[PDB]
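Q: Heads up: the protein sequence lines correspond to chains 3E, 3D, 5K, 5I, 5J, 3H and 3B, in order. So for the first sequence, the authors' numbering puts the first residue at 206; every next one is plus one. Per the authors' numbering, the second sequence runs over residues 3 to 227, 231 to 238, 242 to 258, 264 to 336, 370 to 415. So for the third sequence, the authors' numbering puts the first residue at 64; every next one is plus one. Per the authors' numbering, the fourth sequence runs over residues 99 to 159, 168 to 392. So for the fifth sequence, the authors' numbering puts the first residue at 110; every next one is plus one. So for the sixth sequence, the authors' numbering puts the first residue at 5; every next one is plus one. Per the authors' numbering, the seventh sequence runs over residues 82 to 128, 134 to 326.
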Amino acid sequence: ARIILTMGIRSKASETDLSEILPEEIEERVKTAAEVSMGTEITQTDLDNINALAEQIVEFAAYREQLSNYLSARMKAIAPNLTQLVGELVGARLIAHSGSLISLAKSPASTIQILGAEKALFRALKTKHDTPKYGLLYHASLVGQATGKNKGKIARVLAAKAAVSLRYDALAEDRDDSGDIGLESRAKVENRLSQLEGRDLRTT
Amino acid sequence: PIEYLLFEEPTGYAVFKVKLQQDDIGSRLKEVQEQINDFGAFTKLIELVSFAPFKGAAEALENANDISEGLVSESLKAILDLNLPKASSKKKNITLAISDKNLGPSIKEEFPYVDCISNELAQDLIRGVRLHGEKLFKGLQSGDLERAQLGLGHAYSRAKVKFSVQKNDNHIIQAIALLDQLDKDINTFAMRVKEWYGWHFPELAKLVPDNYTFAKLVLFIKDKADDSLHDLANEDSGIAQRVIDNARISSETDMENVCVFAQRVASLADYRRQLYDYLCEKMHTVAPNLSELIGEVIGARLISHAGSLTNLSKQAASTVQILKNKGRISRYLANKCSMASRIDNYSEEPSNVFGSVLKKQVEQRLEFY
Amino acid sequence: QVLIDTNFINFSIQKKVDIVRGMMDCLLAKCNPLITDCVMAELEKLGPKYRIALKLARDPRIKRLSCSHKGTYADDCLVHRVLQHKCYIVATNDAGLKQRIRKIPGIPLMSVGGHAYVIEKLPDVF
Amino acid sequence: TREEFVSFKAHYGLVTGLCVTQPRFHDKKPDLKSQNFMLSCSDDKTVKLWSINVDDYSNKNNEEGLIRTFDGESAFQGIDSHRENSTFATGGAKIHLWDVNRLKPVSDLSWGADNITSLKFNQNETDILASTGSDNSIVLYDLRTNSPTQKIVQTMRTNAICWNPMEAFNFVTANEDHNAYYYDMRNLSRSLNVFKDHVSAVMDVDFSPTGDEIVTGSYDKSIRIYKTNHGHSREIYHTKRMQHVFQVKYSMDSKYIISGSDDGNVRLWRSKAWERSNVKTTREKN
Amino acid sequence: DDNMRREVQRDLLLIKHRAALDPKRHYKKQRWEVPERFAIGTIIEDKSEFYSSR
Amino acid sequence: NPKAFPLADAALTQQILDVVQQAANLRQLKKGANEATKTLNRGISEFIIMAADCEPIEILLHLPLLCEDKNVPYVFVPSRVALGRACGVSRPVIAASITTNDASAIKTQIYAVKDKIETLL
Amino acid sequence: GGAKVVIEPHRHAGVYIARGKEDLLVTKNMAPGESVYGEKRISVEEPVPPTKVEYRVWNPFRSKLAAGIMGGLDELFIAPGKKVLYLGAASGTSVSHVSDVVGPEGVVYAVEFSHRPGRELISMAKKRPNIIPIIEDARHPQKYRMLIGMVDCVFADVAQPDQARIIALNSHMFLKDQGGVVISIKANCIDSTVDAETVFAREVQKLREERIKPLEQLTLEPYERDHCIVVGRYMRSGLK
RNA sequence: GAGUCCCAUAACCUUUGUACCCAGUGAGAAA
RNA sequence: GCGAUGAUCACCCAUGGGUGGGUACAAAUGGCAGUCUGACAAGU
RNA sequence: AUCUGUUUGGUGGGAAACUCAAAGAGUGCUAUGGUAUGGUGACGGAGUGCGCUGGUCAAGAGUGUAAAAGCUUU
Ligand SMILES: [Zn+2]
């Protein structure tokens, strides 16, 4: 959208350049495709609607990132230790999954582990199969840092510390919105992730 | 003797110099027929002496049309006058191998000292250089030859058929298919705006039910106010100021956020009805008879659901889905509308007069009942 | 259209039947006789005893096909190009070729018998 | 493409000679880039000149056959065209010289009242004719003096002559005792070669355009190629289908040999049998 | 995978034993073992014609 | 080139109209523009006759594209009034179609008219 | 109409069979989400989430090449990386199917002479980028010799009596050696005075006279009366 | 230890509110 | 003062209502529908 | 069900590789001396003369004709 707002037309692209969009290596490709192309030439009365749509979706993404700013702000003002541990939008869809923050706080840590994967969980319980291990908590950055079966392992330890921090946030009264319990819990999860990424199943 | 060779191609013109003649009498034999497939032996026949590239796709299309209808263009004149030696016109002309027996006369009309050959020997020399292509040219052209071929084929075809992008019904297909999308987007977004402002006072969605009018008035009211003069765009405005006096519902950051949300709804609301005006105009220039008969938005949805103006045209009249006496006016309007769409598609730059006559006919039929 | 072979031509000249007129009063229809290049190769390979037969096969009324294979085995060529297409009458007097042709179905067979041509697997002759 | 540009029912008898021309008319201009010209004599006392529509240049865009009909009182037996100046010569009951403008012979150049069976013009020193008469005679004519020059009588009958295109006074005769004779025009008292390997009467001879070898078709149904300095056959070509090769030419490529037999067929051969006609990379050429 | 073959393993049996589903259909004699690469797909009848194949 | 291009001259027009009348008697003619396009997309049609003088012309020019798609001969008669009179109905028709039939007593005539209008086209 | 099929690869590369209780010849869709001539489609969900890719039913009563495929041709030369020169691209009916059989890495040059079919060809070649529409007469290949280079298969769905000359000219210009020549011969449109086997035999003889060795012919009888597909290869030296 | 990234951010059913219904044909229609 | 440029073709009352079967849209703290295990593991 | 007993369905060489060799097929790469650099002071460069190419004009000659014109001309 930003590039068609910038140039508009192919001969206009032949006379203009751009570096704030499309970084430094697709320029020769768009210029060669501007020189030779199977595309027609548009008029101004529909280039105007093309430009209106392009500025429309540019402003749409501006609204998207500022709504994400609002979500980050309300989340770190409502349950900030969960933000310090698992992150803003992950904790947000945890809370939005379980309904209330207190209804998520009074659930055990195993539930917070498997919280997104209910259909896989209950089919793997109603026939005697193996249950999932990730759920909605798979998209946390720590589980992203883990690799192998120990992302199941630190999904478990991350759900345990997230239950700790989450019910602290929901049940505290002298809470300070400063991330202290979430930060010490995150340090615990990070050095645990370190000590099980340091081991290796090879023999040296 | 086949001394020089002229290969036309989308990137420009090439003059090759024939080094070794191929066999004339043994030209149908197996080894002579597959030496033009082997590249290691074709390069013993043909050597590139010149390549004049084109100035762009405009001169490419000009020279494609001139080569197509068998005329020598100015770039051809330039490269042939550069490359071919000034032979005599009465004794031992220089021999140029072309692939077009009616381009030959245009070459001798300009250079009388050039006799042109396009028989089977020149044909398989030409298809040898076509078969190998980029390898003969030793790296001296800009642009990949097949990419220029795609561009030149599309340009040649649209020129030959007179493809106009004004009477291009894909614009109105995508315009109405996007307009329905933003109908439901403005609907759900202003529904959430009314929901988030429902706990500031839940009567603005009772007095002012239209989504755009609600959103634009709540973009500037954020409080009580009193001073109810510029809120009439005043019985509803007076009732609204009375309700603001009798406020009966419950921030700052959340209220700033729902102000940004209502500004988003207003931006969608005036990009719609810009798009609607655009597609009424595009429908008048693309389908004037259909839009005279049943209207611009209805004709837009008609050719969208049909898939194209051509598909709505070539459809039978008894199989048109337009949207007793009330049951058979649909059939009358259907076959008149199919007639109007046929007129409108296959006329090249249409008028409005037959849409007018069919509108007169269908109003006469409905007024008869 | 009728594919000729070499012993049919030899028996035509031995029985004094014209090719196109014998075909016409055999079938009571207009015939186009066809000499394949392998039948012509076989007549040329027959030597200088068969000069009369070769320059009666060289006749502008007898059209001629262009077979595309190696070797000059006319029985193989006639059998292949007739079982490919089924739009051909085969005029022959070889016993083996007559048995091949009358074993493949839908192919009429013409042959010099007596003092005129006869036709067998064509069910509309009168 | 091995296919005829045109056919022509030219005469009623045997067409006993034919050659090709660039007819120097002095009223019209010859269009040799789209028309080819062949003229041809027969035993029905006619020489006819024909034009052929030829697709070799694509310069132009047409009244093909029988542009004129020369007429003699007796039959003709051979014909050959001068390589300039609109002239040809026809042998028959007597040898006449003609040009393409006049409808009658310019000169009768006959030694005695004995008929002439064959004719060839020289290729360089183009004004020297040679002819074979049925009294076993080979006669040379000169067209400066407009007269015969010298004749020899051999044992048997010379069927054909061809001049050496690279030596201009040497010719080869092909005669009925089964061998060919390489003769010097300046001394006809001895052949300077005899090419011996045929077993029946030699019908036609021709030179390579390189002047280095000859081709020689005979009445035994076979043709033979001879190196010019040896005197025995370098190669023999035969076929069970080829009968009585009456005409042989050596194509101007010097690589193919055209033979006309008497079953009807005209066949191409390679002069060097083991030699293929593709272009060659330098490793295979070396 | 076998995890998806254990979900579409029944209608592949139906397609293998097509010939005895309707007493009037009478297919041509193939064997049709389960192909190594397949894909299960749903027919989109479009929004052009109604009521016939719908 | 006009829009209604492959028009027939007078002899071909009367040959066409005579076989149109005989097919209309033998129930082998579907007459009218949308019946013609119905039988054209169904594939039961041997050739389509459009009249080159109705009050719009694109109203039946929609049919040459269909005939081209399905390789059916199409021919332009210069009188809608004479075409309707040949069709045997009391109104002018602008397009008609000869449906295919092999129990048809005019198959040779239809094939001859098809050959004539296809060498025209 | 809303049923479920199983897609399975055919013997021919690039085309598929959808088995249900009636099985369908099916190709992948190069422009997903719309139908070109009203055929039905099949949408599979192949496994970032899985993506809905879709497939188009090839109708043998509206495509001579599909009638040939499902009558059984031993070798099509239309293959998933190739270049096909479609002659007589009468609309986008079969050219769309040839286009998405050939795939995104191959090119279909769709030659057509009429102009309203050409307009529909260009509007179809927008959403199928691997189609080069060429609006020109195929009887003069020099008029578009600049736009096309070195095709791998020619397909000929022209319906003219000078068919074999058109096929020979386009092959000698643009086809490569041992490339494919697929012909759809319509007997009644060549000539109707002789029978169908006579005109097929004459057309095959014309092809080998223009040195295209025929490998295979198929009558394609339940879908078209008196049609044929002749599949040959451009031998260029030595049909023997 | 342990099947989610393969739509529990989902699918289907039920209920409740809002807008409708219960194509082909091919020469008749009117008096 | 017609027409192929198309004629024609679910239950209850003395235009209007009553009763419901399908269509789409939206909603539901309506349903399916029930939130894994539990004490060892890694190293020297 | 210490009823039943039919049907359907199951039960009843391999692995590794930045290893070592032996071969086959296809594809890619200017893969280019039709007789190899401009030149062993025997050489090169400059200039002159001869040679060569093209168009123009003039003359000749043919052919044509009342005269022509035109056309042809190694
Ligand atoms: Zn043969």
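All C-beta atoms in this analysis are idealised placements derived from N, C-alpha and C, irrespective of residue type, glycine included.
In the DSSP output, which residue or residues are listed as bridge partners for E229 (chain 3E)?
A: Per DSSP, none; premise fails for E229 (chain 3E).
Q: Straight-line CA distance for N134 (chain 5I) to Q120 (chain 5I)?
A: Answer to the nearest angstrom: the Cα atoms are 8 Å apart.
Q: If we define contact as Cβ-Cβ less than 8 Å, is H318 (chain 3D) a contact residue for chain 5J?
A: Yes, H318 (chain 3D) lies at the interface with chain 5J (some Cβ there is under 8 Å from its Cβ).
Q: For the beta strand (DSSP E) containing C314 (chain 3B), name the first residue and the last one.
A: From DSSP, the beta strand (DSSP E) with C314 (chain 3B) extends over 313-319.
Q: Which of helix, strand or coil does DSSP assign to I124 (chain 5J)?
A: If DSSP states are grouped into helix, strand and coil, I124 (chain 5J) belongs with the helices.
Q: Less than 7 Å separating the Cβ of residue 3 (chain 3H) from some heavy atom of ligand 1?
A: Residue 3 (chain 3H) lies beyond the range of chain 3H shown here (5 to 125); nothing can be said about it.
Q: In chain order, what residues of the same chain have a beta carbon less than 6 Å from the beta carbon of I222 (chain 5I), not counting five sequence neighbours either side?
A: Only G197, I201, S237, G239 meet the Cβ criterion.
Q: Quick one: any contact between the region 275-293 of chain 5I and the region 310-325 of chain 5I, if contact means 3 or more CB pairs under 8 Å?
A: Enough Cβ pairs lie closer than 8 Å, so yes.
Q: I'd like to confirm the pairing. Which residues does DSSP put opposite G159 (chain 5K) in its beta bridges?
A: BP columns for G159 (chain 5K) are empty, so no partner.
Q: State yes or no: is the beta carbon of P203 (chain 3B) nearer than 8 Å to at least one beta carbon in chain 3H?
A: Yes, because at least one Cβ of chain 3H sits closer than 8 Å to the Cβ of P203 (chain 3B).
Q: Residues around ligand 1, please: the condition is that the C-beta lies closer than 5 Å to some non-hydrogen atom of it.
A: Going along the chain, the residues that qualify are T99 (chain 5K), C101 (chain 5K), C130 (chain 5K), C140 (chain 5K).
Q: Return the first residue and the last residue of the beta strand (DSSP E) that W148 (chain 5I) is part of.
A: It spans 144-151 - the beta strand (DSSP E) in which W148 (chain 5I) sits, taken as one unbroken run.
Q: Name the DSSP beta bridge partners of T137 (chain 3B), please?
A: Note: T137 (chain 3B) sits in a beta bridge opposite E127 (chain 3B).
Q: Mapping DSSP to helix, strand and coil, what is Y288 (chain 5I)?
A: It is a strand residue.
Q: Starting from the N-terminal side, write out each stretch of the beta strand (DSSP E) that is 3 residues or longer and does not extend beyond the region 295-363 of chain 5I.
A: Here the runs fully enclosed are 308-313, 319-324, 328-333, 339-344, 353-356.
Q: At the 8 Å Cβ level, is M243 (chain 3E) part of the contact set with chain 3D, yes or no?
A: Closer than 8 Å: yes.
Q: In terms of residues, what are the limits of the beta strand (DSSP E) holding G296 (chain 3E)?
A: Here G296 (chain 3E) belongs to no beta strand (DSSP E); instead the alpha helix (DSSP H) covers 293-303.
Q: Are the CB atoms of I267 (chain 5I) and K226 (chain 5I) within a distance shorter than 8 Å?
A: Cβ atoms of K226 (chain 5I) and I267 (chain 5I): closer than 8 Å.
Q: State the start and end residues of the unbroken beta strand (DSSP E) segment that holds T119 (chain 5I).
A: Note, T119 (chain 5I): beta strand (DSSP E), 113-119.
Q: From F103 (chain 5I) to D186 (chain 5I), what distance separates their C-alpha atoms?
A: Spanning the two alpha carbons is a distance of roughly 22 Å.
Q: Check whether the Cβ atoms of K184 (chain 5K) and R163 (chain 5K) sit closer than 8 Å, and answer yes or no.
A: Against a cut-off of 8 Å, the Cβ pair of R163 (chain 5K) and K184 (chain 5K) comes out as no contact.
Q: Helix, strand or coil for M173 (chain 5K)? Go by DSSP, reduced to three states.
A: In this structure, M173 (chain 5K) counts as strand in the three-state DSSP scheme.
Q: In chain 3B, which residues lie less than 7 Å from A129 (chain 5J) when you measure between Cβ atoms?
A: By Cβ distance, chain 3B contributes nothing, its closest Cβ being about 12 Å from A129 (chain 5J), past 7 Å.
Q: My output table needs one value for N85 (chain 3D): the three-state DSSP class, helix, strand or coil.
A: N85 (chain 3D): helix per DSSP, three-state reduction.
Q: If we call anything under 8 Å between Cβ atoms a contact, is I226 (chain 3E) one with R207 (chain 3E)?
A: It is a contact, given that the beta carbons lie within the stated cut-off.
Q: Which word fits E122 (chain 3H), buried or exposed, when buried means at least 16 other C-beta atoms lie within 10 angstroms of its C-beta?
A: Classification for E122 (chain 3H): buried.
Q: In chain order, what residues of the region 117-135 of chain 5K put their CB closer than 8 Å to some CB of chain 3B?
A: Flagged, chain order: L128, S129, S131, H132, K133.
Q: Verify the CB distance criterion: does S280 (chain 3D) have a CB-CB separation below 8 Å to chain 3E?
A: Cβ-Cβ to chain 3E under 8 Å: yes for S280 (chain 3D).
Q: Look up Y247 (chain 5I) in the DSSP assignment and give the residues it is bridged to.
A: Paired residues: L235 (chain 5I), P254 (chain 5I).
Q: Using three-state DSSP, classify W269 (chain 5I) as helix, strand or coil.
A: In the structure shown, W269 (chain 5I) sits in a strand (DSSP, three-state: E or B).
Q: Please determine, among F176 (chain 5I), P254 (chain 5I), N230 (chain 5I), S314 (chain 5I), the residue with the shortest C-alpha to C-alpha distance to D214 (chain 5I).
A: Cα-wise, what sits closest to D214 (chain 5I) is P254 (chain 5I).
Q: Which of the three DSSP states, helix, strand or coil, is assigned to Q168 (chain 3D)?
A: Correct three-state label for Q168 (chain 3D): coil.
Q: Please list, in chain order, the chain 3D residues whose beta carbon lies closer than 7 Å to that of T221 (chain 3E).
A: Under the 7 Å cutoff, chain 3D gives no residues; its nearest Cβ is about 17 Å from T221 (chain 3E).
Q: Compare the C-beta of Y115 (chain 3H) against all C-beta atoms of chain 3B and say whether one is closer than 8 Å.
A: Yes, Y115 (chain 3H) lies at the interface with chain 3B (some Cβ there is under 8 Å from its Cβ).
Q: In terms of residues, what are the limits of the beta strand (DSSP E) holding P285 (chain 3E)?
A: Premise fails: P285 (chain 3E) lies in the alpha helix (DSSP H), 285-290, not in any beta strand (DSSP E).
Q: Mind listing the chain 3B neighbours of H156 (chain 3D)? Cutoff is C-beta to C-beta under 8 Å, in chain order.
A: Ordered by position in chain 3B, the residues that pass the 8 Å Cβ test against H156 (chain 3D) are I208, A211, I218, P219.
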